[PDB]
Each structure stands twice: as structure tokens, then as C-alpha cells.
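**Q** So I pulled this structure from the PDB, and the sequence comes with it:
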Amino acid sequence: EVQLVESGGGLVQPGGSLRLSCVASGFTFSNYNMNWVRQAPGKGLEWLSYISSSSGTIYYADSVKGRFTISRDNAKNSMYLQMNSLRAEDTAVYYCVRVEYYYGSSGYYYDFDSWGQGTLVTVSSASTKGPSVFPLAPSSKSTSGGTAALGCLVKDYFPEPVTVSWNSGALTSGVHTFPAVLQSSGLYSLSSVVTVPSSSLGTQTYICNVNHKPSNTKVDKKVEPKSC
Amino acid sequence: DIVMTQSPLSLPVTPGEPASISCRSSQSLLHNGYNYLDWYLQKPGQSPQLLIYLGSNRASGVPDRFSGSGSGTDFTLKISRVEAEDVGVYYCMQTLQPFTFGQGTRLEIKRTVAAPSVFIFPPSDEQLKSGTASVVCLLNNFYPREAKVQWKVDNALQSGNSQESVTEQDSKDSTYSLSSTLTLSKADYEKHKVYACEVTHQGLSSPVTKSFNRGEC
């Protein structure tokens, strides 16, 4: 099968630089035009750059023109995106895309037929920081007929992402993990809630597992019910 | 670059009923009888896939439900019968000056109106010991997405101190969930009495309010 794998993503401050790499497997890379496409959080896909197989044709989007440089090494089955003068709005997942060019009966057309899993690039002045996990205890304010609402508050971490589970993966029904928001401090914050039967507040202990790989932080916090 | 404009951004469709998405171009994409515009679909957790090429031609393996039309600067992607597997973000892409995507139209499941179960969580004592206080308003399993959450402290209208977050449409219930977090310093939190979030939705008879008193519990 066709497999594109991006690497080189990570952290950088405004004005800084970082170089992305994409390795291609499962096909003759030297016979294919290729693309770089990114997607910022909560935004649509944005094409960035194009390069032909022979590097003789290169296109750039105006948003990255003069700041980003595309190139490729067919002997190494690889493609690169040199990113300079990075800005906060360049924070996105960057995708490596194969551009197939069919010549059918109805006319010639492109087909972006292979996308890698992407690599995350964050442009910010913030430093890497593990999250603080605060409980959202079930209480009188959590009102429901036979069910209760509880969760955890994953606050003030950088960068994305974090993974949240409940009871090490046992509790999966009714779990809602919200998309993180970027606070004015430059740190991220999200909440993960779950609705469980209120008659199980004394019976079952509910623990939220928060893992933040960039900071090597791993927190398991039990949400104690409020007896009011 | 050439500017691509899609409308709407979210399109609730009932399964079995038609649906159409518009795409506008800043300049004409017609050249020598060909319309240089393609339509892509990005399903949840999947890579984008080619649907329509050259304006009106279906790619290999694309069902007859999908169809493209238009010319110059106005183009339309139409689905005669929307299936449940068609949810996702639909993009139009101009290829006259490669390349430019549109904003994208998220096709969502249209269902009966639902009422949000509103909850509120006071700041944990562990967080108060760190000098900050966060109150979380929770709107669980409602429909549609539209919902107004206003934070009222001592019946005063707060502004610029809350943040909102909405989950993706559920795969089984086809519902949403909203989270509003009011962040205040411990000093400002210990200077006021009543905290509440006022929820406004069409599934409610009138703006439902959930409140709590500082200190309790």
C-alpha cells in the first residue's frame, strides 16, 4: 500500500524555523507529483506547496510564499518543507499528499489520493508545561433523574495534545472529552466529563487518566463525590 | 490567490432527503470548455477523497447520488439521496491556479430538537489553593448546535472572561455537547456571591438557569 509519513514537527517560537520531512513507501516516488497541505485547529484544509517529480515545477500559496521552501530527494524517496519566519497562525497539522494525475475519457484531472497522518507544528512563546488536573465533583448542582455528572479539568498545559480516559479505559459510555481551548496565557485547557448512574457514586470510584507526552506528565485523579 | 467561498458552513440534512452545497470563485474557472473545480470529502477520522473533478465528473467508485454542476464562478455539489455515511466536511478546490480549497461545508445529521441537560461545577479546593477559580457550565446532549451561554455573577453580565467548546456530532445519538469555563482570580471569586450560567436554546421553553452559591459543598 501507499504510505506517507511526516516528521519534523514540534515546537518553535515566532520568527523561528523548522524543517519537515516526508518519506514515501509502497510506490515509485520519483514518478509522482507531491503536495504539502496543512489544517489549523478548527479550520479547513489549506494547500501550501506543490512540486513536480523532477522539481522543475513548484507552486506556493500566497500565505506561505517567501517563507516556506519545498524540495525533494527522489533517491531517498523523501520530500521536505523548510519553514522560516513562522507565525502563530502557522500552528497546524502538516500533511504530505501524493498527487496522482489520471488522463481519462472525460479529461485530465488531479487526485490527492494519499494523505499521511500528519505532524503537529506549534508556534508560540510558551514553554512546555504539564497540566493541572482538577476534579469536577458530583454534587447537588449535578441534577439528573438517577444519573450524575462528573468530570476532570485539564488546565494550563502546553502544547497539544493530551489523552484522557476514565478508569483506565473501563468507563467509555457517556464520556465527553471537549476540544481544548487556547487561553490568553498561551496555555491550553480542556474538560472531560461523563454521566454515570447517580446510584453508583458511593459504589464505584471514578478516576480520570491524563497523559501529556510533551511534558512527560501522567496524572491519575479520582473524582470524589460531594455529599451536599 | 484565487478566493473560494462555500455556503453554508454547517448543513443539517435528514437521511434520505436531498442536499446541495454552493461554492463561489473570485474569478472564472472556465477555460476551453473545462471548469477547473474539484469537490473533496473528508469523513470523520479519514483522509480526504476525490468526489468530483472538472466540475461535473464523478471520480471512480463515487455513487450516483453525488453530482456536480455550475460554470464560471458559481458551482453546486448536489446529493440526491443523503446516506448516513456521507457525513463529513465537503471542500471545493480550484485547480486553475493550483491550488485553493474552500472553507468547507460540514454535512451533519438532522434530527429532532433536543433539550440540553445543564450542570455546573464549582471550583475545586485544589485549584483555589493555587490562586485561580474555574466554574464549568455543561450543556449535555442537545440539538441543534446553536446555544447561548451567558455568565451572570450577582446578576451582572460577564464578558471576555469565559471560553466555549463544543464536541463533534455524536456517532450514535447525533447530538452535541457544550462546555463553558468561567475563569476568575481567587480574590475576584471571594468578592462575589451568586454564580450562574443562563442557557438559551430552542429545545427549552424559556432560558433555563442553573446556579450555585459560593461556599456550599
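**A** Yep, that arrived. Residues are numbered from 1 along each chain as shown, chains lettered A, B, ... in the order given.
**Q** Next, give phi and psi for residue 118.
**A** Going with chain A. With angles defined as degrees, to the nearest 10, residue A:118 sits at phi 90, psi 160.
**Q** Now do the contacts for it.
**A** By CB atoms under 8 Å, 6 or more residues apart in numbering or on different chains, the contact set of residue A:118 is A:6, A:39, A:93-96. Every C-beta, even on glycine, is put in place using the N, C-alpha and C of the backbone.
**Q** gap between stretch A:102-112 and the chain center?
**A** 32 Å (CA atoms, centre = their mean, to the nearest Å).
**Q** What is the nearest of the contacts of residue A:118 to residue B:67?
**A** residue A:39 (26.7 Å; CB to CB).
**Q** Quickly list the domain ranges of the chain.
**A** Because you didn't say which chain, this covers chain A. Chain A breaks down into these domains under curated CATH domains: A:1-125, A:126-228.
**Q** nope, chain B
**A** Taken from curated CATH domains, chain B resolves into B:1-110, B:111-217.
**Q** helices and strands around the helix or strand containing residue A:59, which ones?
**A** Taking DSSP states H and E as the criterion, the element that holds residue A:59 is strand A:58-60. Strand A:58-60 sits against strand A:45-51, strand A:68-73, with contacts defined as 3 or more CB pairs under 8 Å, 6 or more residues apart in numbering or on different chains; DSSP states H and E.
**Q** What residues sit buried inside it?
**A** Neighbour-count burial for strand A:58-60 flags A:59-60 (criterion: 16 or more other CB atoms under 10 Å in any protein chain shown).
**Q** Any idea how far it is from the middle of the chain?
**A** 25 Å.
**Q** just checking, residue B:151 touches residue B:162?
**A** Yes: with contact defined as CB atoms under 8 Å, residue B:151 reaches residue B:162; the gap is 5.1 Å.
**Q** distance of residue B:75 from residue B:195?
**A** 50 Å (CB to CB, to the nearest Å).
**Q** neighbour count winner among those two?
**A** Neighbours were tallied for residue B:75 and for residue B:195 using other CB atoms under 10 Å in any protein chain shown; the higher tally belongs to residue B:75 (27 against 24).
**Q** secondary structure element for the more buried one?
**A** Counting by DSSP H and E, residue B:75 is part of strand B:74-79.
**Q** Report all helices and strands that that strand contacts.
**A** Strand B:74-79 is packed against strand B:19-25, strand B:66-71, strand B:88-94, with contacts defined by 3+ CB pairs under 8 Å, 6+ apart.
**Q** could you redo the last one with a cut-off of 10 Å?
**A** Packing contacts for strand B:74-79, counted by 3 or more CB pairs under 10 Å, 6 or more residues apart in numbering or on different chains; DSSP states H and E, involve strand B:4-7, strand B:19-25, strand B:37-42, strand B:49-53, strand B:66-71, strand B:88-94.
**Q** how much does it deviate in direction from strand B:88-94?
**A** Relative orientation of strand B:74-79 versus strand B:88-94 (axes from the mean of the first three to the mean of the last three CA atoms, to 10 degrees): 150 degrees.
**Q** Show me which residues of strand B:74-79 are buried.
**A** B:75-77, B:79.
**Q** How about the residue in chain B that sits furthest from its center?
**A** For chain B, the residue at maximal distance from the C-alpha centroid (CA atoms, centre = their mean) is residue B:32, at 38.2 Å.
**Q** Contacts only, for residue 159.
**A** You didn't say which chain, so I picked chain A. A:10-11, A:91, A:120-124, A:126-129, A:180, A:182, A:186-188, A:212, A:214-215 (CB atoms under 10 Å, 6 or more residues apart in numbering or on different chains).
**Q** Correction: the question concerned chain B.
**A** Contacts of residue B:159 by CB under 10 Å, 6+ apart are B:150-151.
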